[PDB]
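Below you'll find the structure, written out as structure tokens, and then a few comments.
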Amino acid sequence: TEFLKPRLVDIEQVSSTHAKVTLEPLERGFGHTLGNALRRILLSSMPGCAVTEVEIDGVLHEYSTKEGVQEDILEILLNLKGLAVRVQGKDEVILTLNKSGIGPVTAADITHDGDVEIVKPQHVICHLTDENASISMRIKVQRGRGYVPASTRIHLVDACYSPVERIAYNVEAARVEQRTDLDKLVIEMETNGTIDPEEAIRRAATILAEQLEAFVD
Amino acid sequence: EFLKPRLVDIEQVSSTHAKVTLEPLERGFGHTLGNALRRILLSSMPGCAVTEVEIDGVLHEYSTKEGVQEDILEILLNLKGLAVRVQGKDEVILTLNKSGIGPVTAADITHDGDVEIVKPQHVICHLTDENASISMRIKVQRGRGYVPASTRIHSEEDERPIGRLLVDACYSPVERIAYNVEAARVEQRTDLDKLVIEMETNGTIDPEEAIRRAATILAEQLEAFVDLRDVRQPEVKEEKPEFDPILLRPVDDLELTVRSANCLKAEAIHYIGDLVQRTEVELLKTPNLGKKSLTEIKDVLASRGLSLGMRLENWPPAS
Amino acid sequence: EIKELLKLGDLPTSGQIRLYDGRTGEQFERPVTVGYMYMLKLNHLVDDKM
Amino acid sequence: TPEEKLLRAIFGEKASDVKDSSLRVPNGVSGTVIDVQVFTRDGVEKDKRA
Amino acid sequence: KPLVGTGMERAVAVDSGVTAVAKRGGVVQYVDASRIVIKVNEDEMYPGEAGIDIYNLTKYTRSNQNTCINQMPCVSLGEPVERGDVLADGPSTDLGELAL
Amino acid sequence: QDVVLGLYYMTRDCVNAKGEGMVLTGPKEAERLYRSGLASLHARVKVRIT
Amino acid sequence: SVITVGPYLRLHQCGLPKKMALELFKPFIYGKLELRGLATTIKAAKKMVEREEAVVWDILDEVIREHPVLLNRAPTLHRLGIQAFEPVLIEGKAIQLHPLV
């Protein structure tokens, strides 16, 4: 008829990017149900902006080599997925990497645009060897709900939109004075920094709530 | 930047069994609402089912009605599955009466404006001797999930009616749930999906009623999920009782005569924290108390160690 | 003779089917066997031993 | 003893000449009584319930 | 009752006393959770005293191991039984079969 | 026992399956890859590790 | 009593029945109880835990905390046949034993 909603919920955060939220006392089975369902939405269908396509300056194929770079073409592509991008009013922005010379290319070494915000200018993109070594390329960010692989693009970089790097829910037993077995739900989460774990969940749950706008009274 | 689903055809196919379908579904939400609905449908759904029962000439489950071919323990176990549905009411006591060599079905009950015997063929027991005769007070409440008989004694406090056989409570009308999302393209959309949630009732929840109150819980749960106020409790309760706790117990505990028992009902005195402070003065002037009537109260107050009529410039503190 | 009787019941010869974890709702890789086994409760019941 | 005596006097309990030896239900087990038997010495008077 | 059996279960149930087995064939006159009355057929019936075979059933009662030993009727009113038929199941017997 | 059949099945590889040949930033997005049904538990893969 | 599983355990603990732990630590509860003032006297404490007042459970969990118990199984062959664990309360009459041990 009427239900149980939790009390005492302590989010204990380690670093600003990583965080662990515990939340008791749920009715029986409600840890797994809220837990798994929030996990699914946190991982799969969560709006984000990552790098989707890359046209390079010097060479056409994903099996070629750039002079002045020890990072292979497949290598920098990996580094790109790991750059955390957030666009403001813009749905699509594309950046130019103009930097050259003996030494490593950070992200503060990117062009700084108006609706562009690099969450880590410290982030290591690729290294440059001796002499001059020229490198500037155009790399196009895209907007989407999820993680979209390079393979799913048929007519290229895996697009890791969602802010979630990792999620796990661990369900253990909680007692309410004279109730025997209730669930205590522990959510642990890591983010790409474009949004803090605490808020990630809020909207994560908000989404699922939105989907029930059809049945509740 | 998202869509939201809704429920197209709900397709009954039996009183017991029906496929409800949910059309506008995005990629993967199919299994997401789908598993998480099976989860909240198999458990958390409302249901009424017979809780206690008194039967004519029987004292406990392990006996034998004359002229019936079941044993009381079996007859209980037939009611556990008696499928009833009632409305405005929360607990309704149906009555069963029938004699003569003949199968007593569920239909043989008496009807209330709220009573709907969702299966009237349902066998309850068989009589078997012309003038053998049974009569019973079947009691139905309505709760959530599985309250087995046993846990239904910690509230005790006089359930004495020896006749009342408590039956384990199986309060739920889900039998078995199964969703399957087959893919469904609304004419233009790249790929959205369907969600056929097939379900199996006892007959006493109409699919739509269900699948709705199901989604409802999910909301109120996720409600607290949305923002996270780290919330907590005050705690640290009191370790300072002034008086002797004895004065917070009701006047029953005095184990007194009935004419003196209801009479303290009368003059507005429950707890003995009030009997303690009403003198002998107060008592002839009280409706129906006398020499034999009040001699009684000075003797059970004597035995527990208290007296009639005193003070306490502080009664009663404080929560 | 067992497999032949499985056909009539319209059930797979594997003796195995796919199952789905009730919690996460997802498939179990591999078939697991399901079936019916007559089982006893022996009277070393706990609340006599404890 | 002294302190037990003062205690009977403060609260007025009539310290009995008889001990409590009754058959009581063993901790943890709980059920319905379905039969009572009474066996009496030949020549002692059958009580009420017997 | 075992879905998977061997065939002996009918043999074990009967030869073990726990079940109530028809002495003489006839028809059921009366069925109570307490007793069962069999109106004997003419052929098996002795000339005098005539009468009927009456099986009084064992009801809820203590076993050696504190388990409960209780008999229940497995026939219905006015049913044909032949000699050596199962008239009532013991504990852990179903329909004449041994069900542990 | 149960627990070793566990790790074994996990850290075991088959010839050809989902995720064949792709490359990943670290373990974290490798779990992400599996939980979401994109990759097979056991499929040959280059990944960045530290 | 009989033992069962419990994979949810950390390796340094074990599942001990509410019922057992109540009886095992009985003098301890009688203690913490009149210490915090929830009982007037030991004879009251006796009546309280006999009563299984829900209040005591929150206490039992106090007296339980940094208080190891010893578990020992049938033929004690090497020193590992007795081992010490931190007790975790369980509904049920069985012991829960970490699978690795």
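Top line first, the protein sequences correspond to chains A, B, C, D, E, F and G. As numbered in UniProt numbering, residues 6 to 160, 172 to 233 make up the first sequence, in order. Residue 306 in UniProt numbering is what sits at position 300 of the second sequence, and the numbering runs on without skipping anything. Residue 1231 in UniProt numbering is what sits at position 38 of the third sequence, and the numbering runs on without skipping anything. Residue 909 in UniProt numbering is what sits at position 14 of the fourth sequence, and the numbering runs on without skipping anything. Residue 796 in UniProt numbering is what sits at position 100 of the fifth sequence, and the numbering runs on without skipping anything. Residue 551 in UniProt numbering is what sits at position 48 of the sixth sequence, and the numbering runs on without skipping anything. Residue 393 in UniProt numbering is what sits at position 41 of the seventh sequence, and the numbering runs on without skipping anything. Every residue, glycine too, gets a C-beta built ideally from N, C-alpha and C.
query: In chain G, which residues lie with their C-beta within 7 angstroms of the C-beta of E193(A)?
result: Taking the first sequence and counting its residues from 1, one reaches residue 193(A) at position 177. Near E193(A) (Cβ distances below 7 angstroms), the residues of chain G are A406.
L753(E), enclosing beta strand (DSSP E) - first and last residue: The residue you call residue 753(E) lines up with position 57 of the fifth sequence. Run containing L753(E): none; DSSP gives neither H nor E here.
query: Residues of chain E with a CB under 7 angstroms from the CB of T70(B): which are they?
result: In the second sequence, the residue the question calls residue 70(B) occupies position 64. Those are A729, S730 and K755, listed as they occur along chain E.
- request: Measure the Cβ-Cβ separation of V146(A) and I130(A) and say whether it is below 8 angstroms.
  value: Position 141 of the first sequence, counted from the start, is the residue given in the question as residue 146(A). Position 125 of the first sequence, counted from the start, is the residue given in the question as residue 130(A). For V146(A) and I130(A), no; Cβs fall outside 8 angstroms.
query: Relative to the alpha-carbon of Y512(F), which residue among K549(F), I552(F) and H545(F) has its alpha-carbon at the smallest distance?
result: Within the sixth sequence, the letter at position 9 stands for residue 512(F). Per the Cα distances, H545(F).
- request: Tell me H364(G)'s beta-bridge partners as DSSP assigns them.
  value: Position 12 of the seventh sequence, counted from the start, is the residue given in the question as residue 364(G). None; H364(G) has no bridge partner.
- prompt: Which two residues bound the contiguous alpha helix (DSSP H) that contains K371(G)?
  reply: In the seventh sequence, counting from the first residue as 1, residue 371(G) sits at position 19. Element bounds for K371(G): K370 to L376.
Proximal chain F residues relative to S49(A), where beta-carbon distance stays under 7 angstroms: Start at 1 with the first residue of the first sequence, and residue 49(A) comes out as number 44. The answer, in chain order, is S539.
- prompt: Are the region 113–125 of chain A and the region 23–32 of chain A touching, with three or more C-beta to C-beta distances below 8 angstroms?
  reply: no
message: What does the alpha-carbon distance come out to for the pair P427(G) and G433(G)?
response: For the purposes of this step, residue 427(G) is taken as residue 75 along the seventh sequence, with counting starting at 1. For the purposes of this step, residue 433(G) is taken as residue 81 along the seventh sequence, with counting starting at 1. Cα-Cα distance, rounded: 8 angstroms.
task: Using beta-carbon positions only, say whether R44(B) and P30(B) come within less than 8 angstroms of one another.
output: Stepping through the second sequence from its first residue, residue 44(B) is reached at position 38. Stepping through the second sequence from its first residue, residue 30(B) is reached at position 24. In this structure, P30(B) does not lie closer than 8 angstroms to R44(B) by Cβ.
query: Where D164(B) and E67(B) are concerned, what is the direct C-alpha to C-alpha distance, given to the nearest angstrom?
result: One-based indexing of the second sequence puts residue 164(B) at position 158. One-based indexing of the second sequence puts residue 67(B) at position 61. The straight-line gap from Cα to Cα measures roughly 19 angstroms.
message: With a threshold of 8 angstroms between beta-carbons, can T196(A) be considered close to chain G, or not?
response: The residue you call residue 196(A) lines up with position 180 of the first sequence. So yes, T196(A) belongs to the interface.
- prompt: Just checking my contact of residue 327(B) with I211(A) at CB under 8 angstroms: how many whole Å lie between their CB atoms?
  reply: With chain B running from 7 to 325 in the structure shown, residue 327(B) is simply not present.
query: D212(B) versus chain A: which residues are under 9 angstroms apart at the beta carbon?
result: In the second sequence, counting from the first residue as 1, residue 212(B) sits at position 206. In chain order: nothing, as chain A lies at least about 14 angstroms away.
message: Is the beta carbon of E181(A) closer than 8 angstroms to that of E204(A)?
response: Translated into the one-based positions of the first sequence, residue 204(A) becomes position 188. Translated into the one-based positions of the first sequence, residue 181(A) becomes position 165. No, Cβ-Cβ distance for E204(A) and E181(A) is not below 8 angstroms.
query: Does DSSP classify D937(D) as helix, strand or coil?
result: On the fourth sequence, position 42 is the one that residue 937(D) refers to. Residue state, collapsed to three classes: coil.
message: So if I threshold CB-CB distances at 7 angstroms, which residues from the region 73–85 of chain B count as touching chain E?
response: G73, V74, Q75, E76 and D77
message: Applying the 10 Å Cβ sphere with the 16-neighbour rule, what's the burial state of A391(G)?
response: Residue 391(G) sits at position 39 when you count from the first residue of the seventh sequence. Buried is the call here.
message: At the 8 angstroms Cβ level, is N41(A) part of the contact set with chain C, yes or no?
response: The sequence position of residue 41(A) within the first sequence is 36, counting from 1. Judged by the 8 angstroms Cβ criterion, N41(A) is in contact with chain C.
message: By the DSSP assignment, the beta strand (DSSP E) with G149(A) in it spans what residues?
response: Within the first sequence, residue 149(A) is the residue found at index 144, counting from 1. Element bounds for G149(A): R143 to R150.
field: Bridge partners - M768(E), DSSP secondary structure assignment
entry: Residue numbering aside, residue 768(E) sits at position 72 when the fifth sequence is read from its first letter. Answer is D785(E).
Residues that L1233(C) contacts on chain E, provided the C-beta gap is smaller than 7 angstroms: Here residue 1233(C) refers to the residue found at position 40 of the third sequence. Under a criterion of Cβ atoms nearer than 7 angstroms, the residues of chain E adjacent to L1233(C) are, in order, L796.
query: Exposed or buried, what is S178(B) when buried is set at 16 or more other beta-carbons lying within 10 Å of its beta-carbon?
result: The sequence position of residue 178(B) within the second sequence is 172, counting from 1. Label assigned to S178(B): buried.
task: May I have the straight-line CA-CA distance separating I144(B) from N752(E), to the nearest angstrom?
output: As a first step, residue 144(B) is located in the second sequence; it is residue number 138 there, counting from the start. As a first step, residue 752(E) is located in the fifth sequence; it is residue number 56 there, counting from the start. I144(B) and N752(E): Cα-Cα distance of roughly 31 angstroms.
query: Counting along the chain, where does the beta strand (DSSP E) carrying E80(B) start and finish?
result: Taking the first residue of the second sequence as 1, we reach residue 80(B) at position 74. Looking at the DSSP string, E80(B) is not in any beta strand (DSSP E); the run it does join, the alpha helix (DSSP H), is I78 to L85.
Residue-level contact to chain D via CB, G151(B), 8 angstroms cutoff: Taking the second sequence and counting its residues from 1, the one referred to as residue 151(B) is at position 145. No, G151(B) does not count as interfacial toward chain D.
message: Let me check understanding here. Comparing Cα to Cα, which of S156(A), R158(A) and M142(A) lies closest to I99(A)?
response: The residue you call residue 99(A) lines up with position 94 of the first sequence. If we check each option's Cα against that of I99(A), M142(A) comes out closest.
- prompt: If you pair each beta-carbon of the region 357–366 of chain G with each one of the region 440–453 of chain G, do three or more pairs fall below 8 angstroms?
  reply: yes
- request: Measure the C-alpha to C-alpha separation of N103(A) and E226(B) and round it to an integer number of angstroms.
  value: Translated into positions along the first sequence, residue 103(A) becomes position 98. Translated into positions along the second sequence, residue 226(B) becomes position 220. Whole-angstrom Cα-Cα distance: 52 angstroms.
query: Around the Cβ of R158(A), are there at least 16 other Cβ atoms within 10 angstroms (buried) or fewer (exposed)?
result: In the first sequence, the residue the question calls residue 158(A) occupies position 153. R158(A) comes out exposed.
message: According to DSSP, simplified to helix, strand and coil, what is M741(E)?
response: As a position in the fifth sequence, residue 741(E) is number 45, starting the count at 1. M741(E): coil per DSSP, three-state reduction.
message: Is there a C-beta anywhere in chain A that falls below 8 angstroms from the one on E443(G)?
response: The count along the seventh sequence starts at 1 and reaches residue 443(G) at position 91. Closer than 8 angstroms: yes.
- prompt: Taking C-alpha atoms, which residue in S156(B), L254(B) and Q18(B) lies nearest to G926(D)?
  reply: As a working note, residue 926(D) is residue 31 in the fourth sequence. It is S156(B).
- request: List the endpoints of the continuous beta strand (DSSP E) containing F437(G).
  value: Walking along the seventh sequence from the start, residue 437(G) turns up at place 85. Per DSSP, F437(G) belongs to the beta strand (DSSP E) from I434 to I442.
message: Which of the three DSSP states is assigned to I1210(C) in this structure?
response: Within the third sequence, numbered from 1, the residue matching residue 1210(C) stands at position 17. Correct three-state label for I1210(C): strand.
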